[PDB]
Amino acid sequence: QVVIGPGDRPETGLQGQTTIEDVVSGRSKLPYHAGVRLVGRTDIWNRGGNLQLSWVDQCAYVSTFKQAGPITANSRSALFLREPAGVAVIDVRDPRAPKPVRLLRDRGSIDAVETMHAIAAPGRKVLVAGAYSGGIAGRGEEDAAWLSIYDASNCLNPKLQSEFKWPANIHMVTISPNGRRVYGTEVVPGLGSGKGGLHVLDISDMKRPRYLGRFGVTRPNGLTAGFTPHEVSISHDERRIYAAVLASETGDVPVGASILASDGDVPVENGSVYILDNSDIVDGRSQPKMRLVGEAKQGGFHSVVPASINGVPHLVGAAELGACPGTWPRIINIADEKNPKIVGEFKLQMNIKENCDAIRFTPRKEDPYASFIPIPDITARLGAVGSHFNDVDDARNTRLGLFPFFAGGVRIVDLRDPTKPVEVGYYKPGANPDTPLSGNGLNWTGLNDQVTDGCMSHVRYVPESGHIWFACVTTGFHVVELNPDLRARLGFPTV
Amino acid sequence: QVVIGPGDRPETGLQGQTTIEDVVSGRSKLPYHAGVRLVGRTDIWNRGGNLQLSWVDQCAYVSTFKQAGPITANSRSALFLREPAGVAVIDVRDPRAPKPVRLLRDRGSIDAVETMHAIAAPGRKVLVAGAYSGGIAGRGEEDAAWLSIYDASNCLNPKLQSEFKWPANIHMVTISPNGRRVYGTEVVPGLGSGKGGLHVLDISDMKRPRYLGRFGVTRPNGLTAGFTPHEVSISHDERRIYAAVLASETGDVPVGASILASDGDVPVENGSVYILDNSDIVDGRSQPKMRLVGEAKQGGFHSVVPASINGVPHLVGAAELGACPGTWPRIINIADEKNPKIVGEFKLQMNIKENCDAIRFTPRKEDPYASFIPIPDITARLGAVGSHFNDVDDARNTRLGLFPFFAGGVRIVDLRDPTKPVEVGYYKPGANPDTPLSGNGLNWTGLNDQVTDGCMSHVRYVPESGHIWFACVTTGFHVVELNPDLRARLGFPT
Ligand SMILES: [Mn+2]
Ligand SMILES: [Mn+2]
Ligand SMILES: [Mn+2]
Ligand SMILES: [Mn+2]
């Protein structure tokens with residue numbers, strides 16, 4: 001549970017709510033927080049349009065996304081791709097004063113969106129960023145699915161090593177723990193049909209990457225079918241792949257409503273989590289397969305990450321966004337990987353339907369224009385309160401969930417009881433209106449940049465310092481820490 | 001066609017288009033115009049949220065609408081109804097410097113939206129404003145459909161005479177030419193079912209108004225059926241009512257997509273225009289009926305106004321807004337009122353489907369999320385280019401259509417050939433971001449107040465001066481005039 005101490009600037013409505021009162025008074029433009037303290041922040045040249053966060057050592061990388069739209073060709077988007085667009089390199093050697101140092105604006109890094117990852121492996125420091133909108137059928141070379149691969153041995157000055165062109169649109173990338181492979185998801189155009197897969201790129205030689213192939217899911221009957229994974233995480237020894245899956249070509253993963261719909265009938269589906277045996281690739285077997293070991297239905301289509309809670313292996317999975325009551329993370333016990341089981345769920349008060357109905361300025365029932373001219377309630381013109389990524393503090397020794405909830409800001413969750421996750425803290429960064437990459441009312445995500453902000457990035461926990469790193473669309477890159485009281489309570493070590 | 005000459009600041013893209021290049025460069029925040037010049041303007045305490053324009057003599061009345069939403073109870077919306085919300089009284093005695101003088105904030109005027117009209121009749125000047133959102137079933141008395149009635153004998157200081165409670169939601173009001181009756185449309189909750197009607201209120205004593213009843217449409221078969229008129233206009237002798245009609249209970253009238261749908265294929269349908277014989281009410285017959293004289297299919301559901309073009313009686317009707325390719329006015333010949341005939345259409349290039357397609361950043365066929373996660377093209381994030389009201393310069397001697405096109409600004413159209421209306425001028429006011437009534441990204445109309453403005457009001461032409469009055473959502477009240485060149489070519493007096 002969350003205790004309010006003198007340090008805090010707590011939420012003024014329901015848990016996770018941005019109240020219309022605060023929007024009108026201007027209060028919503030300033031931060032809210034409990035259980036945490038801001039260490040440092042940079043608005044990254046006041047740019048806006050921030051999305052993904054990756055890191056190598058003491059350097060953060062923050063991608064950008066264009067208002068022109070998720071799938072719009074980069075060649076048609078020059079008005080939205082000039083500086084300060086691109087992946088910003090941020091010096092965090094002093095976390096009280098993070099400092100943006102340069103912009104990567106190569107084919108993959110100019111509009112990386114969700115398609116960026118970095119890894120510090122033994123003797124290999126790598127940053128990759130890809131053209132999230134690239135490779136859509138019928139376009140030319142300029143608009144292909146480019147992947148820019150950087151040697152980040154000097155993390156403050158990543159050196160472009162090569163640019164590889166995928167044979168399909170790649171949505172998210174995950175570099176293997178040894179830094180020598182990149183796993184790229186294909187969700188488009190298959191989407192709900194499940195006709196996509198997981199691409200593998202060998203980047204042992206960063207200057208000369210070698211395409212491995214497009215993988216489907218292989219079942220015990222020996223047959224392979226497509227799937228459309230959104231993102232994968234990878235086990236420590238690379239022998240397990242944990243896929244968050246939107247759909248299967250076998251058709252047994254139900255697909256639901258648009259996560260950007262404002263209201264309000266059909267629901268968003270959670271999608272499934274697949275655990276995949278990746279031993280074939282690890283051991284260099286010919287005709288390699290990715291074999292289905294187990295499946296957690298409703299496990300979460302958007303992101304899944306590994307966790308170890310009191311010595312017991314778990315996964316944390318979630319869908320994303322969604323109109324009220326939105327979407328939220330689920331805790332999945334994988335002690336038996338052949339039979340994963342959802343053991344707990346973490347939800348805010350704003351993820352309860354009854355609550356969402358109670359705050360509306362007008363009840364759906366009273367709306368004569370309902371089918372005729374659908375108009376969202378004013379409470380739905382702020383931004384979704386639902387997951388967008390769902391990380392943990394330490395995969396190998398997990399206590400805390402670090403859960404971005406988009407307009408709900410970043411939620412800090414005690415996971416020590418996996419059947420009963422509870423909030424212990426949160427940070428909402430306020431607002432930063434009129435930025436170059438998020439201004440002009442041209443946004444497409446439903447985030448209202450005039451009055452609030454949205455946290456959409458992966459979240460880092462640094463055990464040495466206790467610092468938590470995250471990026472928010474308009475306010476930029478933040479470093480926060482737990483307050484002394486909460487830290488003492490969690491019995492985290494102390495330095 | 002628009003002669004672009006000195007003093008003009010032309011549109012840069014297709015006719016009616018707000019170009020993404022201009023949004024990004026900031027050019028969209030400044031006015032565009034051809035054929036006209038600005039005489040004067042007031043931003044009305046820089047308030048935003050303006051909608052309807054009415055007038056008496058040298059005073060303008062401008063309504064507001066709240067961000068809380070079209071049908072949200074006023075009692076639940078106090079955060080959106082603080083000053084400067086309300087009907088603003090504007091002194092236009094000096095058109096070069098119109099001045100906001102007063103704010104009317106009674107039950108009907110606090111949030112009037114489209115529901116406001118004023119008339120200057122012999123021995124009577126009257127302004128009425130009604131709670132557009134009032135009278136939804138299951139609410140308290142404070143949230144009823146109130147109509148505030150003002151004696152505007154002194155147009156700068158309208159005096160509240162009474163507040164009348166309609167027995168249903170009333171959407172638009174039209175005062176009769178003699179100033180003695182108010183015609184109020186009921187479109188909610190019936191909407192597409194056609195189950196509504198036309199309410200009539202006697203206001204000959206403004207302090208003691210008397211309800212005359214709710215009327216349907218009576219046909220030759222002797223039956224009366226409901227209809228949902230959005231707005232009516234009335235003939236000079238009140239014996240004819242021209243109704244813009246969304247739907248009929250007889251179901252003959254095509255009802256289509258949402259006017260506010262972002263990016264949809266399915267077009268907004270035009271609805272129908274009904275000509276109604278109103279002689280029963282005029283002559284004071286008991287159990288009065290409104291009898292269908294004629295019907296113009298596709299005539300326009302939103303607004304219809306009379307026009308006289310080279311001595312021949314016409315109507316100009318239109319639907320409203322809508323995604324590309326939007327909605328646009330139609331010219332209707334009613335020389336035979338029993339058989340109204342659409343004879344012309346005024347369309348902008350932005351009302352052509354193939355142009356709408358050509359400006360998209362991404363073609364529909366290239367979007368794999370098209371059904372799965374529908375997302376409007378960036379070109380659809382500015383505001384509809386489609387009619388919102390569709391007036392003429394002088395109903396009795398018509399030369400020009402004065403056509404608000406929302407994000408398209410106000411279009412000035414040569415109607416002298418009713419089969420071939422042609423544009424001769426326009427004014428787009430630019431942008432006025434961060435107003436208290438239109439700011440904070442809380443709009444529901446689809447208007448992007450950060451980079452453009454929306455023209456939604458009725459439009460006044462003053463024959464004596466040549467001045468044209470209109471209101472825009474964020475930029476406020478404007479007075480413009482035709483160029484000397486335009487006036488001469490069109491054959492206007494001097
Ligand atoms: Mn994605
Ligand atoms: Mn996402
Ligand atoms: Mn209306
Ligand atoms: Mn309207």
Side-chain angles (χ1 to χ4, degrees), chain A residues 51-53 63 65 70 112-116 132 171-172 185 187-188 229-231 244 246 258-260 268 271 300-304 318-322 326-327 368-369 372-373 375 384 386-390 404-406 444-447 454-458 473, chain B residues 51-53 63 65 69-71 112-116 130 132-133 169-174 184-188 190-191 196 228-232 244-246 258-260 268 271 300-304 318-322 326-327 369 373 375 384 386-390 404-406 444-447 454-458 473:
Chain A
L51 210 161
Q52 192 58 279
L53 174 64
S63 76
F65 67 114
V113 200
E114 277 184 342
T115 326
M116 178 177 73
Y132 172 104
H171 197 77
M172 286 195 71
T185 57
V187 70
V188 175
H230 179 266
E231 187 191 28
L246 172 61
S258 167
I259 83 282
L260 288 184
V268 175
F301 77 77
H302 189 259
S303 190
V304 64
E320 67 168 324
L321 273 29
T327 52
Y369 284 110
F372 196 57
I373 303 120
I375 292 157
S387 297
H388 195 272
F389 303 122
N390 34 276
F405 264 73
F406 196 59
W444 54 265
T445 61
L447 178 57
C455 309
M456 307 186 64
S457 80
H458 276 303
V473 185
Chain B
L51 203 159
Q52 187 57 280
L53 172 64
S63 72
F65 66 111
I71 46 84
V113 195
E114 294 184 313
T115 322
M116 178 184 65
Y132 175 94
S133 67
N169 178 255
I170 266 54
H171 194 76
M172 289 198 67
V173 283
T174 305
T185 58
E186 180 192 328
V187 70
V188 177
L191 299 172
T228 46
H230 178 267
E231 194 208 32
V232 311
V245 178
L246 182 71
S258 168
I259 48 175
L260 292 186
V268 171
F301 76 76
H302 191 253
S303 184
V304 62
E320 65 164 329
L321 292 341
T327 51
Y369 289 102
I373 304 170
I375 298 173
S387 296
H388 200 272
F389 304 121
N390 36 275
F405 262 78
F406 199 53
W444 54 265
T445 58
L447 184 68
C455 277
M456 303 187 78
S457 77
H458 277 294
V473 178

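When reading the values below, keep in mind they use all heavy atoms of this one structure, side chains included, and skip hydrogens, waters and symmetry mates. We count ligands from 1, going down the list as the structure has it; atoms in each ligand are counted the same way. Convention: sequence-line order gives letters A, B, ...; per-chain numbering from 1.
- Contact annotation: B:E231 places no N, O or S atom under 2.8 Å from the Mn ion (ligand 3).
- Summarising the geometry of A:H388 relative to A:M456, their closest heavy-atom pair is ND1-O, 2.7 Å, with the distance given to 0.1 Å.
- Between B:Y132 and B:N169, the shortest heavy-atom distance links the atoms O-ND2, 2.7 Å.
- Aromatic ring orientation, A:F389 versus A:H458: parallel (interplanar angle below 30°, classes split at 30° and 60°).
- Taking the N/O/S atoms of B:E320 in turn, the shortest distance to the Mn ion (ligand 4) belongs to OE1.
- Between A:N390 and A:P404, the shortest heavy-atom contact is N-CD, 4.2 Å.
- Looking only at atom types and distance, the side chain of B:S303 has a donor-acceptor partner in the side chain of B:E231 under 3.5 Å away.
- Residue B:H302: no N/O/S atom is found under 2.8 Å from the Mn ion (ligand 3).
- For the Mn ion (ligand 2), the set of nearby N, O or S atoms under 2.8 Å includes one belonging to A:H388.
- B:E114 contributes atom OE1 as its closest N/O/S atom to the Mn ion (ligand 3).
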